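Enquirer: give the three-dimensional model of this entry:
(one chain, ligands or ions: 1)
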Amino acid sequence: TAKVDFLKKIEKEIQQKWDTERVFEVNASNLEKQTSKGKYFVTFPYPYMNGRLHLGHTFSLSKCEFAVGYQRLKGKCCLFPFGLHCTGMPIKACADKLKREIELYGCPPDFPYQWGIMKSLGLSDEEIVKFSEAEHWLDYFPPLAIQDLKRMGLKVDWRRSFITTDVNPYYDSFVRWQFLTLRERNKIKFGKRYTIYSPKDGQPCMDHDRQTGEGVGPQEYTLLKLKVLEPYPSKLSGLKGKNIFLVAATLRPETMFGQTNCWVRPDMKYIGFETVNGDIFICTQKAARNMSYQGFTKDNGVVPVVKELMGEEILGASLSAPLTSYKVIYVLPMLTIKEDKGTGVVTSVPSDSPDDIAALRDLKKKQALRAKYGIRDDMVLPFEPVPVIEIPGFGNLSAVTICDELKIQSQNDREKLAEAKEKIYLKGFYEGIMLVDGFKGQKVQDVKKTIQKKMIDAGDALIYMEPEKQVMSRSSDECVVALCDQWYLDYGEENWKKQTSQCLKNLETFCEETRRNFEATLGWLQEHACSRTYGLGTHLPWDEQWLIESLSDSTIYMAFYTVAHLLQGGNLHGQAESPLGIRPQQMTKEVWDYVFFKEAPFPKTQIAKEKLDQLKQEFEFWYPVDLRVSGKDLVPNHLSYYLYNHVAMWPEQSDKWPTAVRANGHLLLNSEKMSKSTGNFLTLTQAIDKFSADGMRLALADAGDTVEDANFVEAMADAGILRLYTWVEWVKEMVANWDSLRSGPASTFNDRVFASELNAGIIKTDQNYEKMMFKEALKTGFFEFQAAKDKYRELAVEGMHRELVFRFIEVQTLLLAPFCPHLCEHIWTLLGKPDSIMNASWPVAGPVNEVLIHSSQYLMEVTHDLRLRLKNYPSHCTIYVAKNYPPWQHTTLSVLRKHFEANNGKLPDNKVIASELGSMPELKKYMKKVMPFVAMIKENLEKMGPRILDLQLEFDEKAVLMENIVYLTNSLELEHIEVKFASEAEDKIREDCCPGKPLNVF
Ligand SMILES: CC(C)C[C@H](N)C(=O)NS(=O)(=O)OC[C@H]1O[C@@H](n2cnc3c(N)ncnc32)[C@H](O)[C@@H]1O
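Expert: Residues are numbered from 1 along each chain as shown. Sharing the structure here:
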C-alpha cells in the first residue's frame, strides 16, 4: 500500500513542477518562429458533464495522451487541448427532477430517485439543494473534471479549456458564427420531417439523449383502412352513423388484391379513436399515439378515444377492403399476433403469407374455434386464397404449397412457419410476378409503390411511420415517430455527401472496419434534426426559441481550441477578462470569418489588427486536426457530422479537413462490463486513488489497441505498481554504487549482446509507437526491455558495465515516459540531468547484430536444457558441440534445402519428404530418426525463420559456451564444465550431436 502512496507523492510533486514551469502551454507565435519538425494537433471529444469522468473516458483519452508523449520526443510540437461538453438535456433533466423533490417534499424528501444518487456521490445534505438549477452543475462538475485530469498528468494546455452552453459567451458566439455560415450556404433548412420523437420531452430524440437503440430511425408502413359495414358489431352500436375503419399495417401492399379476411387478436385491447376528419380508427394505443404525432388526429399527441374493446368483441364484423376481389371480408381471430409491431390488426393474404392460410385452415378444420369466437360458416368457408403473385419455384399460391409441403396444421408451429416464411421471404420481393388485371406480368419491385399510391389516392390507405425497434429516452419515455417541423442539417445532399466521401478517402482510419463503419453511416445518412426546445446550449441566432442539440454544436469546435487561450484564457465559463482584451460580443460573424477563413477580408471592428492577426496565426498554424481518438460509438454520429461540417465550413481547403480518426473499444473492467449497477465501476479519481496516475496509466497502456473491447485488469495494475517500485529501487541502487560498476571499454560478449538487444528494443518500440500499438510498445519497451536487462545482469559474471547500465536506464526512462511520465521525470532528475525529461529527445539506436541475439537465444536454450537434465542423474559436466551436421542429418537437411529453394520456401508434405528420403540408399539405418528430424526442422523453421536451414551456425558455438562456462558452472552448482568438439565424443554422442543442440553428460 505504501508503494502506491510513494507513487502518488512523486506524482503530486512532479505535477506541481510541471504546472509552475508551464511546460505544456504552447503558443503559435513562439513555435512558428522555430521550425522544428512539425505540429501535432490531437483531440479527444469533450465529455458530457452530467457526472464525474470514469475509467472509460480515461482509456479513450489515453490514446492521444500517449500519442503526444511519444511525438514530443520525436521533435514535434504538440497541442492536446481539452474542452468540456455541457450542451444537452440530461443535466437540466436531472436538475429539474431534483427540484421536483425539493419543492414537492423537503430536505431530505419523505418517500414514498435523483436525491439518492446525489447523496451517493457523497454530497452534503445542504449542498444538493444548490443542484436544483443547472448553473450549479456547470459550476461544479467541470472544475472537478479539470482537477482529475490534471491529477492524472495529461500534457494539456489548460489555457484553452472551455464550456459549451450559452453560459459561455465566446463559445456561444463561435456556435452562432458556425450556424450562420451554415444557413448562408444552404446547409441548415427549416421543414416538416419524420423523426424519432420524445413526447415527454417535446423534441426529436437523437442519439445522445437516448437509452435504447442508439441508431434506430423510423420505418414506413402502408396503413390500409377497412371500412366496417353495417350491421356494426354489438360493441360499436353507439357509433352508428359514423364511418369506422380497421387500420392495418403492412409492408407488401401489392398483395392486397388477395384479401380473404382480417385477423385480430381476440385477447388484445383495441382502441377506436376519432381522427382529424371525424372518422373512427380501430387500432391499438401505441399505434394511435404514433398516428397522433403523425398528424392523424385533430390535435398533436391528443388521442380522442371513443371506444375501448377487445378483439373478441370485433370478431365476425363485416369489412370492405381495398383492391381485393371479395366485396365483404370478415374479422377473424388469430392467436399469434405480436403487440409490438404495427396496429395489432393484420390482413389475410392466404396466398402468399403462411400465417394467414394457417389460421384460415385452423378455422376451417373444427367447430371449436368458430364456436369459441362466434364465427359462423359465412365468415370462413366461402373464402379461398386468391392467386395474385406467382413465384416461379412455387406457383400462384406460394404459401399454400410450401405449407402443404412442410405439413403444417396449426398457426402455432413457430418453427415450421418461420422456416416457410424464410423460404419465400425475399423470393417475392424480386422473382414475384403480378397476375391481377392492370398489372399482369409485371415485376413486383416495379409496381408495389404504384399500387400503394393507387390506394393512397383513393383514400383507401395512408402512410404510417413507426420506430423499427423500441427506443427509450433518457427521461424514460418511449419514443414515437413524429412528422414535426424543425431545423435540420441537410446531410442528404448529393454534393455534400460526395465531398465528404472524398474527405473520407483522404481520412486515415487505422483499420478497414472503421472505414466500413464510416461508409455505411455515410450512405445511410440523411436529414438530421438539430433543433431542441428543452435543454442547455446555444439557441439558433435567428430563431432564438430553438436550442441546438449536443450532436450539432460539436462538429468544428476544434478550431475554437486554437484561440480559446487568447479569447477567455483558462476561465471555463469565459466570465473573466480576455488576455487580448477582446470583448465577448465584439466577435462578429465577419470577425470569425477573418479568424478562420484565409481569404477573408479584415472587417470593420474596434479590435486592433494585432489581436485578430494573432488569433488567425494560432488557427492557421495548429489546423488541421492531426488525430481524433474516440470510442467506436461516436463513428455513426458525431465523427460523421465532424467530417460533414469540416467539408461545409472550409469547402475549398481540403488541407484543413481532418487527417486521422482512431476508434477504440469500450473499456471492460476485470473482463466484465463496467456498470455501477453491478458494483464493477471506477471513476478517474477513484482509479488514481487506487493505482496512482502512473500505475493506472500503465495498466491502461496494456488495456487494448484494437477496436475490440479493451480490458483494464486490476491485478495487472498491481503487478505493474510492484515492478515500477522495484525499478526505481534498482535505479537508486545503481546510482549509489556508481563506482562499484566495471568501467573501461565495453568489450565483453555480454556487453555486446546487451547493447544489441537494447538497440533492437529501441527500434521495435519506436515502430510500435508510430503504429499506436501502445500495448505492443509497452511489451517491447518495458517488459522485454526489463527482460534484457535482467538477463544481462544474470550473465555478467565480472559485474555489469557502468556505461551500459546507465545507457539502459536513460533509454528505458525515455521509452517508458509517455506511459509513466511522473516516475520517468523523477528518475530523470535522479540521474542528475539538467533539464526536464519533457525536453529530451527520442533515444538513438546503435547497431543491431542479429548474430549476437541469436547466439544469446542459443545460450538461453542451452542453459535451460542443462538445468532440465540436472533434475536426475553431480560435480563435473561434459558438453559436446557439433561443428557440422552428421552425415544422415546433413543429407536430409540438404534435401529440405533443395525443396525450400525450389518453390519460394514451401516445404512439401511429410508424405513426399519421407518418400524421397526412403528412396535414398544411404538412409537405410536411419529412416526411423529421419522424420522426427524433419519435424524438428519444420517446427524451428516456423518458429525462428529460415536460418535453421543453414548447414552451419552463423556464430562460433563453442566460443559462445566458453564465454559463459563460469556462469554455467556457478548456476548448475557444479565444479567443472568441459566443452569438447564432439569428435572426442563416443559413438552415440558423436553420431547424434548436431550443431545448435549440444549434448552433455554430468
Ligand atoms: C463531441 C461530442 C458529440 C461528444 C459527446 N460529448 C460525448 O460522447 N461525451 S462522453 O462522455 O459520453 O464520451 C466522450 C469520449 O469518451 C468515449 N467513451 C465514453 N464512455 C466510454 C467507455 N465506457 N469505454 C471506452 N470509451 C468511452 C466516447 O466514445 C467519446 O470518444
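
Enquirer: contact partners for residue 619?
Expert: Listed by Cβ atoms under 8 Å, 6 or more residues apart in numbering, the contact set of residue 619 reads 559, 562-563, 595-596. The way it works is simple: take the backbone N, C-alpha and C, and place the C-beta from them, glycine included.

Enquirer: just checking the distance from stretch 969-978 to the centre of its chain.
Expert: 56 Å (Cα atoms, centre = their mean, to the nearest Å).

Enquirer: quick one: the residue most central in space within the chain from the ligand, how far?
Expert: For the chain, the residue sitting closest to the mean C-alpha position, by Cα atoms, centre = their mean, is residue 632 at 1.9 Å. Applying Cβ to the nearest ligand atom, to the nearest Å, the value for residue 632 to the ligand is 7 Å.

Enquirer: what's that residue in contact with, if anything?
Expert: 514, 517, 663-666, 707.

Enquirer: just these: which are in strands?
Expert: Among the contacts of residue 632, the ones falling in strands (DSSP state E) are 663-664.

Enquirer: which of the contacts of residue 632 lies closest to residue 831?
Expert: The shortest gap between residue 831 and any of these belongs to residue 664, at 34.3 Å (Cβ to Cβ).

Enquirer: that older thread, of the contacts of residue 632, list those near the ligand.
Expert: Contacts with the ligand within the contacts of residue 632, counted by Cβ under 6 Å from any ligand atom: residue 666.

Enquirer: redo the contacts of residue 619 as TSV? Include distance to residue 507, neighbour count and secondary structure.
Expert: Compiled in TSV, these are given as follows (distance: Cβ to Cβ, whole Å; neighbours: other Cβ atoms under 10 Å; DSSP: H, G, I helix; E, B strand; the rest coil):
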residue	distance to residue 507	neighbour count	secondary structure
559	17	23	helix
562	20	25	helix
563	24	27	helix
595	25	26	helix
596	21	25	helix
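
Enquirer: out of those, which is nearest to the ligand?
Expert: Each of the contacts of residue 619 was scored against the ligand by Cβ to the nearest ligand atom, and residue 559 proved nearest at 13.5 Å.

Enquirer: ok, so what distance separates the closest one from residue 622?
Expert: According to Cβ to Cβ, to the nearest Å, residue 559 stands 9 Å off from residue 622.

Enquirer: for this protein, what lies in contact range of the ligand?
Expert: 45-48, 56-57, 59-60, 85, 550-551, 554, 630-631, 633-634, 638, 666-667, 674.

Enquirer: and for the closest residue to residue 279 other than its chain neighbours, the neighbour number?
Expert: Leaving out its chain neighbours, the residue that sits closest to residue 279 by Cβ to Cβ, 6 or more residues apart in numbering is residue 243, at 4.7 Å. Applying other Cβ atoms under 10 Å, we find 14 residues neighbouring residue 243.

Enquirer: list the contacts of residue 243.
Expert: 227, 279-280.

Enquirer: how about the contacts made by residue 993?
Expert: 880-882, 886, 982, 985, 999.

Enquirer: show me what whichever residue of the stretch 701-850 of the chain sits closest to the ligand bridges to in the sheet.
Expert: The stretch 701-850 of the chain approaches the ligand most closely through residue 710 (6.8 Å), counting by Cβ to the nearest ligand atom. Counting by DSSP bridges, residue 710 is bridged to residue 667.

Enquirer: correct me, but it touches residue 663?
Expert: No - judged on Cβ atoms under 8 Å, residue 710 makes no contact with residue 663 at a distance of 11.5 Å.

Enquirer: what sits against the residue of the stretch 701-850 of the chain closest to the ligand?
Expert: Contact analysis of residue 710 by Cβ under 8 Å, 6+ apart lists 59, 664-668, 703-704.

Enquirer: can you give me the neighbour number for the closest residue to the ligand within the stretch 251-400 of the chain?
Expert: The nearest approach of the stretch 251-400 of the chain to the ligand comes at residue 293, 26.5 Å away (Cβ to the nearest ligand atom). Counted with other Cβ under 10 Å, the neighbours of residue 293 add up to 23.

Enquirer: the one 3 residues further on now?
Expert: A total of 24 residues lie near residue 296 under the criterion other Cβ under 10 Å.

Enquirer: next one: residue 230
Expert: By the measure other Cβ under 10 Å, the count of residues near residue 230 is 9.
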